[PDB]
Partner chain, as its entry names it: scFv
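Okay, here we've got a single chain as C-alpha cells, the form deposited without its partner chain, with questions on binding and movement later.
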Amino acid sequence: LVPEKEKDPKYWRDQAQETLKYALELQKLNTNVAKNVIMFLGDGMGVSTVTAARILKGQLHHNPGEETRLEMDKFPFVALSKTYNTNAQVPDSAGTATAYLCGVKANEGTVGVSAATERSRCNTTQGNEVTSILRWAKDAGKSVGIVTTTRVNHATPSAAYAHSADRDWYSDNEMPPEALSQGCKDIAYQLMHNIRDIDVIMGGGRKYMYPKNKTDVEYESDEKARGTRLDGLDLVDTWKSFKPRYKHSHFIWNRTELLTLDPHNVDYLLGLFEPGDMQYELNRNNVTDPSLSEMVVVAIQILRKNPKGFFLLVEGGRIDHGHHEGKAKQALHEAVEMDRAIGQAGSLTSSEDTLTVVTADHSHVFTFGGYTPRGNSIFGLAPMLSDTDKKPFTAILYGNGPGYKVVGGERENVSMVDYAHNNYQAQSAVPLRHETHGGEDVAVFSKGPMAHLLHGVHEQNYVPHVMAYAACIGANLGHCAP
C-alpha cells in the first residue's frame, strides 16, 4: 500500500510538530467546576479491542484503517487502571462496577457492598452498604440517568443503586428460600425503591418487572419472555406511583414512541425495549428497537434542563457477550457503535463545563496479529501458511473459548469456510463453552474540567473520587471552598 504522501519525511515531521504545538497549548489547564459528568463504560473493551475497533471503523469508510482516529482518541487525557477484585485475580463485572461507581473495592459477585460481605449470605448485607456517585449527585440536587444495551438489573447498571450479596438475584424467582426468609430484596425490586427519583432509565429486562406468567407485549407467543415475579408486584406501576402527580412520566418499549417524545416536556422517562438483553447491532431490527446513539441523545436532551447539571452513565454491554461467544465481529461492531454514541454526546455538550470519562471494567483474551500487510481486512487471513501443518489461519484468535475445532487430530481448514461471516468463531487454544475474561489493565480517556487529574496508573476505585471533586459533590467539597 504505502500511500504516496507517506513517502516524504516532511509530512510526518509536520504532523508531529502540529501535535507538539497542540500539546504545548494544552498547558493552560481547565480548572472550572464540572456542572455535568458523563461516564462511558465499555464492558470488556480492552486495549486490543480498542485498536481493532479503530481499524474496523477506518476500513468501514474504505481507508487503510490504521491512521483513523476514534472519537475517544480525541480526548485530551489518558490514564491506565488496574481492575482486580479483592477476591479474584481476574475480575468480575460486579466487583469492578462497585469499585468504579462507589469508590471501594469489593468481592466478585456482590453489588454495592464492601469486602466484608460473603456471596450468597444475606446477613452480611446489613451494615456493609456503600453508596454510589449517582446517589451523591442526586443528593447534590442534580439529575441522574442510566442507559445501557443490557438488562437494567445487570451487574454494571445495578452497581449504582442496589446493595445485594448475589448478582444472580435479578428477581425473587431466582432467590433461594433462605435468602427470601432472611429479608433480602432482589435487584429489580431495589431499582424502584432505593432511589425513587431517577429521571432517565433505559435498557432491557422487561420480564423481571411483571407478575409471573404474564405474556409479553412484544412476543406474545414467546414462552421464554413471560414475567417472573413471584410476589405479584407490577414494578412499572410502582415506578410511576412513586413520582409527583404534577410532573410528567413516560414508559416506552419501542422505537416509534421513543422518537415522538418532546424532551422539553418530559420529566421522568422509563424505557425497556427487550425482555432480556438487547440484540446485537448487526442483528438489530431498526423498526422496533433504537440504537445506543438515539437513546444517548434523548437522555442528554431530557437531562440538560436542570439548572444544577446532571450525571449520566452509559454502558455498551454486549461487547462482553460478543467476546464470550467468541464472535469478534459482533464485539467490534458494538465498540464502533459505542464510539458513535460518544461522538454524538460530545456534539451535544460543551467541554468548558462538562467532564467526560470513557473507560472499561476489564479485558478479554482476544488477540490479533500474524504480520498482516497494511490495509488488510481485520477479519482476513494471515499472509502465509502455517509452517507446521501447511494450513491457513486468521489474524484474530482467542486464548480459550468455543472456537476450538479439531476434527480427528487435525485442525480446521478455514479455506473451506466463510471466515468473514457475522457469527464466525475464531479458533482458540483450549475448548470452553465460553471464553474467559482477561487480567490486564484498561485505558481511561478524559476530557473536560479538571480532567488532568487522571494522569497515570491508578486503582479503579480512584476513578469516581476525582469526578466528585470536579463536580463539588460527595465527601470532598474543596474545589468550591472559598
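Positions refer to the first chain, counted from 1.
This protein has a second form, the form solved in complex with its partner chain, left out of what is shown; the following refers to that one.
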item	value
Exercise: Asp186 in contact with its partner chain in the deposited complex, heavy atom 4.5 Å	no
In the deposited complex, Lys305 touching its partner chain (heavy atom, 4.5 Å)	yes
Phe273: touches its partner chain in the deposited complex, heavy atom cutoff 4.5 angstroms	no
Contact flag, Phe242 vs its partner chain in the deposited complex, heavy atom cut 4.5 Å	yes
Contact residue in the deposited complex, from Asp339, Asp199, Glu315, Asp361 (heavy atom within 4.5 Å of its partner chain)	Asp199
Answer option from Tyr210, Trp253, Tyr280, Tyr268, heavy atom within 4.5 Å of its partner chain in the deposited complex	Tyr268
Proximity to its partner chain in the deposited complex (heavy atom, within 4.5 Å), stretch among 243-251, 148-156, 344-352, 329-337	243-251
